[PDB]
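Written out below as structure tokens is the structure these notes cover.
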């Protein structure tokens with residue numbers, strides 16, 4: 001809630017040193033580094049902030065002059081935001097910090113320049129970055145010696161201004177002494193360092209910022225700062241050798257799934273084998289017969305069913321990722337290496353089967369060539385409707401948004417977050433007399449042909465609508481919202497809690513929504529003021545993907561995180577990815593009882609991995625009382641083959657629980673048990689060893 005306040009501004013400048021040993025942070029210590037472009041504090045100014053901090057602790061004050069983020073000395077800015085502290089730093093593009101220090105709110109700076117405010121221009125709570133300006137961090141070469149300099153911390157020579165030395169080791173920084181040997185820091189000793197820049201020692205260039213600190217038994221401390229995401233192009237794909245990767249962005253019409261693999265199997269030879277992976281079985285199948293006809297010269301194969309043992313089919317194979325998740329790892333590798341090329345289509349989707357397959361094949365990637373691919377519209381902001389309040393005779397409530405009734409004479413698509421909103425909106429629009437229909441996941445797309453035949457129509461849909469055909473579409477109304485499973489992770493059992501949550505769509509999702517119109521005629525586009533987020537949050541799907549590693553005892557989360565650093569495809573939540581990795585270790589510490597793996601395979605339970613995780617504490621699944629409208633009912637969602645027990649008085653030691661299960665426990669005044677097995681205790685304690693700093 002609170003407003004971040006700059007309390008101190010430390011001006012700095014480069015300072016070449018032959019040896020930096022005497023500058024190194026070393027809590028609790030007593031009694032050769034190599035050179036570095038060090039940082040020297042040049043001046044310390046303390047902000048004069050008027051105790052009217054109370055506002056800020058409340059929220060922003062007075063008539064505070066806006067200030068461009070360049071109008072500072074090259075400096076490190078000490079920040080206080082409520083009870084939390086952290087840092088920000090100037091660069092060419094302005095000032096950068098991390099979301100968990102600033103919450104993406106404007107800075108209050110009380111300078112030798114008066115009451116000023118610096119505007120947060122972008123914020124990503126997933127990557128933990130906030131930009132007061134535009135990001136300018138350089139890339140870091142693997143292996144580089146780097147450091148973090150804290151102008152307030154005391155070094156081993158009793159002076160203030162201390163360095164934590166680092167070495168870049170893949171997707172993280174390993175803490176080292178000034179002489180390069182591994183170093184341990186209690187995370188409590190690095191608290192308040194987040195937001196500080198990370199400098200490359202040979203240059204002094206900023207190469208990242210401090211976000212997350214991770215300790216792990218008998219290893220050196222690691223700082224995690226995330227990763228940086230990265231026609232006549234078939235030539236570059238054809239030069240590739242096994243062990244190389246290339247990412248492709250292609251237009252929504254260049255048939256990246258069609259001509260690109262076809263051109264490639266052409267230049268290399270129609271006898272070779274190319275693999276193309278697509279998320280949905282339907283999309284793989286459809287493409288496989290649009291290509292099978294139009295290109296008679298080339299053989300075409302399709303894999304969406306049973307495992308097809310010993311397969312060396314020639315030509316282009318279209319397959320679903322799920323087809324290969326059936327395979328144990330040596331079969332998967334054996335099959336995977338027999339392709340010349342592997343195309344990963346629609347990688348932005350980050351489905352569980354996608355994430356597991358990309359993690360799994362990456363463990364042997366040195367034998368593969370992998371390519372990953374992905375009129376005027378008048379826009380308006382519709383205001384939130386008071387909900388049960390009158391709006392007038394020329395506006396109507398559509399999905400909680402004030403829309404002028406005149407649009408109802410047009411062909412409308414409404415984007416709604418939930419199943420329920422889609423059904424209820426379509427229904428009140430018929431009861432008020434309009435030609436409405438609805439669509440959500442698992443519905444059959446043919447059922448809209450009776451709505452869309454009769455203009456004006458209005459279709460109300462979730463994100464599930466986007467392969468469907470809305471003829472003569474004029475206007476889109478967009479809540480800005482979607483409804484997906486989300487996870488929250490904790491050091492207290494249950495460590496894992498999942499549940500559906502309404503959330504803002506991504507920038508890319510919002511674009512596809514807006515892009516339903518303006519296609520053959522001009523379009524109109526009404527949207528809420530809800531703000532789209534930067535990255536698709538794939539952690540729930542990554543959680544579910546861990547399943548495909550149980551058989552082979554592979555930590556899917558860690559294989560994914562290493563893959564992602566190599567191929568630079570997804571943004572990283574360093575805190576959450578690390579927490580998921582630790583829990584994934586617990587999942588694969590012992591082999592799953594066969595009866596569990598079977599019950600998982602035949603159950604209608606929607607999160608089978610929940611039984612895998614909970615087997616570490618209990619073998620009897622429990623039936624929790626259902627929730628309806630935030631209250632505990634007396635119904636029970638019984639599940640297949642789970643000889644469960646009613647919760648009643650005895651709440652089970654779940655490692656993994658749903659939101660409704662957790663809500664049920666809380667409403668009943670009950671308590672979740674503490675871990676009973678030493679593997680589960682140890683996971684809980686290792687979860688305490690990653691923190692936003």
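Bear in mind these aren't lab numbers, they're just calculated from the coordinates by the rules spelled out. Reconstructed Cβ throughout: ideal geometry from the backbone, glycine too, with neighbour counts over all protein chains shown.
A few remarks follow.
- Check on residue 379, surrounded by fewer than 16 Cβ atoms within 10 Å (Cβ to Cβ), part of a loop (DSSP other than H, G, I, E, B), on the phi < 0 side of the Ramachandran plot and more than 27 Å from the chain's Cα centre (by Cα): no
- Residue list for the range 364-376, filter: within 26 Å of the chain's Cα centre (by Cα) and not in a strand (DSSP E or B): 364, 365, 374
- Of all residues in the range 354-367 being in contact with a helix residue (DSSP H, G or I) (Cβ under 7 Å, 6 or more places away or on another chain) and surrounded by fewer than 22 Cβ atoms within 10 Å (Cβ to Cβ), the one that is nearest to residue 284 (Cα to Cα): 362
- Just one of the numbered conditions (1) outside any strand (DSSP E or B); (2) buried (at least 21 other Cβ atoms within 10 Å of the Cβ) is not true of residue 208: (1).
- Of all residues in the range 623-640, those satisfying the criterion of being touching a helix residue (DSSP H, G or I) at 6+ places or on another chain (Cβ under 8 Å), part of a strand (DSSP E or B) and within 14 Å of residue 657 (Cβ to Cβ) are 625, 627.
- From the options 73, 61, 27, 69, residue that is assigned to a loop (DSSP other than H, G, I, E, B), in contact with a helix residue (DSSP H, G or I) (Cβ under 6 Å, 6 or more places away or on another chain) and closer than 29 Å to residue 123 by Cα: 61
- Of the residues screened, residue 170 is one that is more than 30 Å from residue 70 (Cβ to Cβ), under 24 Å from the mean Cα position of the chain (by Cα) and not in a strand (DSSP E or B).
- Check on residue 255, out of contact with any strand residue (DSSP E or B) (no Cβ under 6 Å at 6 or more places or on another chain), assigned to a loop (DSSP other than H, G, I, E, B) and surrounded by fewer than 18 Cβ atoms within 10 Å (Cβ to Cβ): yes
- Restricting the range 478-495 to residues that are under 22 Å from residue 680 (Cα atoms) and touching a strand residue (DSSP E or B) at 6+ places or on another chain (Cβ under 8 Å), the residue that is surrounded by the most Cβ atoms within 10 Å (Cβ to Cβ) is 494.
- The range 547-572, subset in contact with a strand residue (DSSP E or B) (Cβ under 9 Å, 6 or more places away or on another chain) and buried (at least 17 other Cβ atoms within 10 Å of the Cβ), residue farthest from residue 691 (Cα to Cα): 567
- Flag if residue 97 is under 22 Å from residue 576 (Cβ atoms), surrounded by 20 or more Cβ atoms within 10 Å (Cβ to Cβ) and in contact with a helix residue (DSSP H, G or I) (Cβ under 6 Å, 6 or more places away or on another chain): no
- Residue check for residue 498: out of contact with any strand residue (DSSP E or B) (no Cβ under 8 Å at 6 or more places or on another chain) and over 22 Å from residue 461 (Cα atoms): no
- In the condition set (1) touching a strand residue (DSSP E or B) at 6+ places or on another chain (Cβ under 9 Å); (2) closer than 22 Å to residue 570 by Cβ, residue 300 is compliant with all but (2).
- Exclusive hit being touching a strand residue (DSSP E or B) at 6+ places or on another chain (Cβ under 8 Å) and surrounded by 15 or more Cβ atoms within 10 Å (Cβ to Cβ), set 237, 227: 237
- Screening the range 111-128 for residues that are touching a strand residue (DSSP E or B) at 6+ places or on another chain (Cβ under 7 Å) and in a strand (DSSP E or B) and picking the one that is surrounded by the fewest Cβ atoms within 10 Å (Cβ to Cβ) gives 114.
- The number of residues in the range 321-346 being touching a strand residue (DSSP E or B) at 6+ places or on another chain (Cβ under 6 Å) and over 20 Å from residue 366 (Cβ atoms) comes to 3.
- Residue 277 vs. criteria over 30 Å from residue 137 (Cβ atoms), part of a strand (DSSP E or B) and in contact with a strand residue (DSSP E or B) (Cβ under 6 Å, 6 or more places away or on another chain): yes
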